[PDB]
Amino acid sequence: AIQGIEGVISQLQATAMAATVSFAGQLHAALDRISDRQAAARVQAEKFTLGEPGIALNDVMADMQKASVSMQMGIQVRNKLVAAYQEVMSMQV
Amino acid sequence: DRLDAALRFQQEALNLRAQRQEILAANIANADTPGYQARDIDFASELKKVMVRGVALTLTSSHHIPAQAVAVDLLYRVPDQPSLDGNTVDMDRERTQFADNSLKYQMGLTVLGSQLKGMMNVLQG
Amino acid sequence: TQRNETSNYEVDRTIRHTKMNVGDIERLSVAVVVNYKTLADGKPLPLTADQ
Amino acid sequence: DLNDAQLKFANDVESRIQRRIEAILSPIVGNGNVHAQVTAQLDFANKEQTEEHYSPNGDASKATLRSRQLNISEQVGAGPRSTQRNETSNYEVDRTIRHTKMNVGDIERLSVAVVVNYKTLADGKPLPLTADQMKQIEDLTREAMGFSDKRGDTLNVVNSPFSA
Amino acid sequence: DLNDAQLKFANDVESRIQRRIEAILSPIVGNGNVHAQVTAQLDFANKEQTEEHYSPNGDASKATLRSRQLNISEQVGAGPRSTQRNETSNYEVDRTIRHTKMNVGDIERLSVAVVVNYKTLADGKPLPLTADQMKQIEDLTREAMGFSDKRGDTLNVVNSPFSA
Amino acid sequence: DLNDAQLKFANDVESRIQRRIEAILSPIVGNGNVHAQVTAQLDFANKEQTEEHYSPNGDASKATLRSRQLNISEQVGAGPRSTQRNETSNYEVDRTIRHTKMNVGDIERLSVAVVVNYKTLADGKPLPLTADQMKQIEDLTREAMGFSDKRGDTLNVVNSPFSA
Amino acid sequence: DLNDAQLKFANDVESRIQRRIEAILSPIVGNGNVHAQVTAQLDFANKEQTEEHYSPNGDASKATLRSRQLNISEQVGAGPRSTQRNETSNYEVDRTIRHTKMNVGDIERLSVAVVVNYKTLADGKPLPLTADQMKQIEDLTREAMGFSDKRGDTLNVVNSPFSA
């Protein structure tokens, strides 16, 4: 809106001028990547089921397996993080 | 994006094997149509060119059709013998290539499955 | 003949945000009355069309 | 509250326009031989505007490109001709964002009423003014009031003898 | 509040333009034989603008390239000719970003009213001025006021005898 | 607040230009026999600009390369000829980034009004100046004011007898 | 604030150029028989520039190589000839990065106005100077002012008798 183009003129005027890492942001990015891969695989499989011509079965299965691998990696990382947190928060200070 | 990069070569080779299998099956189907020239793809060259290397409409709105945006050089197989109907499909070569392509497709499946199996076995604990 | 054309455009855009003032005038009607002209004699002579 | 402040703002603007007109109309017509009053239609509405402009790039001479793929095929056998041209072009366009916040209290339409006196000579006869002098007064008042046609300004100067 | 500050700013600008005109009009016409008043239409609207310009690269002579793939094939058997040209080009373009914040309080349109007196000789007859002198006064006032045509400036100088 | 500072800045610039003109116009025309006033249109808008320029590399003589693959095939059987040329080129281009922050308070357009007196000899007759002397005064004023045509500077020097 | 400092910087530069001109113009023309004034258009805009230059390597004689693969095949059966040349070359190029920060306060355009007096002999007749002497004065002033054509410098020296 008006707010949005003010923001975009601000962006350009900082770009002209040019010419804190947070763990929560990284976790959100990783979750978004896993969800995006899963959604892409699901959409491709749905389209292939509906008889779309330009999609092959081997690609569908490979994409599903890659999404499964990514989600398993996410699960294992979550398990390790939870174990570390529960170990740290169980101290006697 | 390292999982995509690690599995890219074998998946692309498998897709190319499926495409060439479709082309060989089309060659076998048209074995008796006159004036047909047998076609095929050079697997190696196409695979390297795919590994080395449309425009969908901009859906800025949340209420408009997504529309559509919409490449292998088909090489002619050199004929073995002349035929009066002008059909260059030599069935012996096509059958040998069909068996070879099916076998190599299965091998590509085995290799890709082994890679995925190892990657999933590493994470299992 | 076959022609497949796909084009993505960028368009001019103008957003105007307006907050009208409270207390503006909508319709003004005015009633004016003038007197006659009493000369030195005292006769109330009416005004003219030009005046 | 705020309405009274706006009204006082309008009154000050009108009074200053009146004084500016009187200042130039005094030396030639004379002190007291000229009276003017000003009314001002003002703008107390807060407006915010953002403007985006794209330079057209439909002409190939002014079109700026980043990537271009041109596949051309001609299989001549007009006979069994077969022409095929697949062209893909990505452009970079000029862009101008203007953000404007209009001032509160601007003038929308100014109408001014000016009345001048007659000329009483040494005898005392109230001789009216001439057409050239009236035109000069009109021009001077237009200059003083900042007369403009986009605003819709109206000016009326009439000549009449002042009452005792 | 802010409106009064803007109005005082306008009054000071107008007064200084008036004084600058009077300063040059005094030595030749004489003290008191010239009166001028200035009104100023000012700009109190905050504007911010960002401009992007791309140099055109449609001509191959001024086109800057990073990578170019040109596949050319000609299978001559016009007969059974077969020409095929696949061209892919990636360009680098000139870029100019300009960020501008316009000043608050600039002048939009200046109109100035100047009145001069007649010339009373030793006898006392109010002899009017000449066309050449009037043109000189107009030019001097245009110079003093900073007359410009893009702004839309209007100037009116008239000659008339001053009242007592 | 800031507007008053800008106005005082303009007044000081105008006064110094006036004094510089008067300094050279004094020795020849004489003390008091010359009066000049200066008005300045200034630039109080903050501008920031970044410029990128790419040297063209369309000519093979000035083209700088990092990697080049040239596959050439000619299967002559024009007969059943078959030519095929696949060329891939990666270039390195000259690059110039310029970042500019324009100064606040620069002069946009300067117009100057200068008036000179007549020449009263020992008898006392106000003899006007000559064309050559007027041209010399114009040139001197142009030099003093920093006259330029890109800015749009205007200068007007007229000759007239000063009043008592 | 900063504008006043810039203005004082300009005034000092102009005064020193004036004094340098006067210093050489004094011994020959005489004390007081020469007056000069200088105006300076200065550069108060902060500019930063980075320049990259690549030496061309299109000629095989000046081309520097790291790795080169040249596959050549000629199957002669022109008959059924079959030539095939696959060439891949990786180059190393000369590179020059220049980073420049322009000084704030540099001179853009200098215009100087100089006026000289006449020559009063023992009798007292104000004899004007000669063309050769005027040319010498022009050359000396050009040397003193640092006259250059890239800047766009203008110089005007005129001869006229000084007033009492």
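Pop the C-beta distance of G:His53 and B:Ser62 into the FRET formula with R0 = 56 Å and round what comes out to the nearest 0.05.
Once the sixth-power term is evaluated, E becomes 0.70.
Just to be sure I understand: if I project the alpha-carbon convex hull of region G:31-120 onto a plane and average over all orientations, what area do I get in nm²?
15.5
Taking θ = phi - 60°, what integer Hz values does the Karplus form 6.51 cos²θ - 1.76 cosθ + 1.60 yield along region D:59-68, in sequence order, with x for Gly and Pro?
Per-residue couplings from phi come out as 8, 5, 6, 9, 7, 9, 10, 9, 8, 8 Hz.
Semi-axes of the equivalent ellipsoid for the protein assembly as shown, please: Cα gyration tensor eigenvalues, times 5, square-rooted, ordered largest first, whole Å.
Semi-axes (√(5λ), whole Å): 81, 42, 29.
Taking just the alpha carbons, could you work out the radius of gyration and Dmax for region E:36-78, both in angstroms?
My reading of the Cα-based Rg and Dmax gives 27.6, 91 Å.
To make sure I understand, if each residue's beta carbon is the centre and we count other beta carbons within 10 Å, what order do A:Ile55, A:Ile5, A:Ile75 fall in, fewest to most?
Least crowded to most crowded, the residues run A:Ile75, A:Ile55, A:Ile5.
Just grab the label-to-label distance for C:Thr38 and G:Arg151, each label 7 Å out from Cα along the Cβ direction, in nm (one decimal).
Those two pseudo-labels are separated by 8.5 nm.
How high is the FRET efficiency from E:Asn11 to G:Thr100, r the C-beta distance, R0 51 Å, rounded to 0.05?
The formula returns an efficiency of 0.60 here.
Rounded to the nearest 5, what % of DSSP beta bridges with both residues in the protein assembly as shown are antiparallel?
The answer is about 90 percent antiparallel.
Treat region G:71-122 as a sphere of radius equal to its Kirkwood radius over Cα pairs and apply Stokes-Einstein at 25 °C in a medium of 0.890 mPa s; give the translational diffusion coefficient in µm²/s, rounded to a whole number.
118
According to a simple spin-label model (label point 7 Å from Cα along Cα-to-Cβ), what is the distance in nm between G:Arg66 and G:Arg19?
Result for the modelled spin labels: 5.9 nm.
Counting only Cα atoms, I'd like the Rg/Rh figure for region B:1-53, Kirkwood definition for Rh.
1.15
Just to be sure I follow: if Rg is taken over the C-alpha atoms of region D:67-164 and Rh is the Kirkwood radius over the same atoms, what is Rg/Rh?
Rg divided by Rh gives 1.68.
Using the Kirkwood formula over every pair of different C-alpha atoms, what hydrodynamic radius in Å results for chain C?
After inverting the mean inverse Cα-Cα distance, the result is 19.8 Å.
Divide, for region F:1-81, the radius of gyration over alpha carbons by 2.2 N^0.38 Å, where N is the residue count.
2.86
Taking the beta-carbon count within 10 Å as an exposure proxy, list G:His99, G:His53, G:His35 from fewest neighbours to most.
G:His99, G:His53, G:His35
Any chance you could get the radius of gyration and Dmax over the Cα atoms of region B:1-105, in Å?
Calculated on Cα positions, Rg and Dmax stand at 18.9, 60 Å.
Tell me, what ³J(HN,Hα) does each residue in region A:53-59 have, in order and in whole Hz, if you take phi through Karplus 6.51 cos²θ - 1.76 cosθ + 1.60 with θ = phi - 60° and put x for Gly and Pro?
These are the phi-based 3J(HN,Hα) values: x, x, 10, 10, 5, 4, 4 Hz.
Note down, for chain A, the three equivalent ellipsoid semi-axes (square root of 5 times each alpha carbon gyration tensor eigenvalue), biggest first, whole angstrom.
They are 34, 32, 10 Å, listed largest first.
Take the Cα gyration tensor of chain F, multiply each eigenvalue by 5, square-root it, and list the three semi-axes largest first, rounded to whole angstrom.
68, 23, 11
Which Rg and Dmax, in Å, describe the Cα atoms of region E:118-164?
In order Rg, Dmax, the Cα atoms of region E:118-164 give 14.0, 47 Å.
Taking the beta-carbon count within 10 Å as an exposure proxy, list F:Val34, C:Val11 from fewest neighbours to most.
Listing F:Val34, C:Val11 from fewest to most nearby Cβ atoms yields C:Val11, F:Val34.
Using each residue's phi in region D:133-144, evaluate 6.51 cos²θ - 1.76 cosθ + 1.60 at θ = phi - 60° and report the 3J(HN,Hα) Karplus result to the nearest Hz, with x for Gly and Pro.
Listing the rounded values in order: 5, 4, 5, 4, 4, 4, 5, 4, 5, 4, 5, 5 Hz.
How many angstrom lie between the Cα centre of region B:1-80 and the Cα centre of region F:75-123?
Region B:1-80 and region F:75-123 have Cα centres separated by 48 Å.
Restricting to DSSP H runs of at least four residues, report the calculated mean residue ellipticity at 222 nm for chain F, -39500 (n - 2.57) per run over all residues, nearest 500 deg cm²/dmol.
-9000 deg cm²/dmol
Which whole-number percent gives the relative contact order of region E:1-50, counting Cα pairs below 8 Å spaced six or more residues apart?
39 percent.
Using +1 at the Cβ of each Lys and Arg and -1 at the Cβ of each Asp and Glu in region D:1-151, identify which of D:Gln18, D:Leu65, D:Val34 lies farthest towards the dipole's positive end.
D:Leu65
Reconstructed Cβ throughout: ideal geometry from the backbone, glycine too, with neighbour counts over all protein chains shown. No value in this document is a laboratory result; all are computed from the given coordinates.
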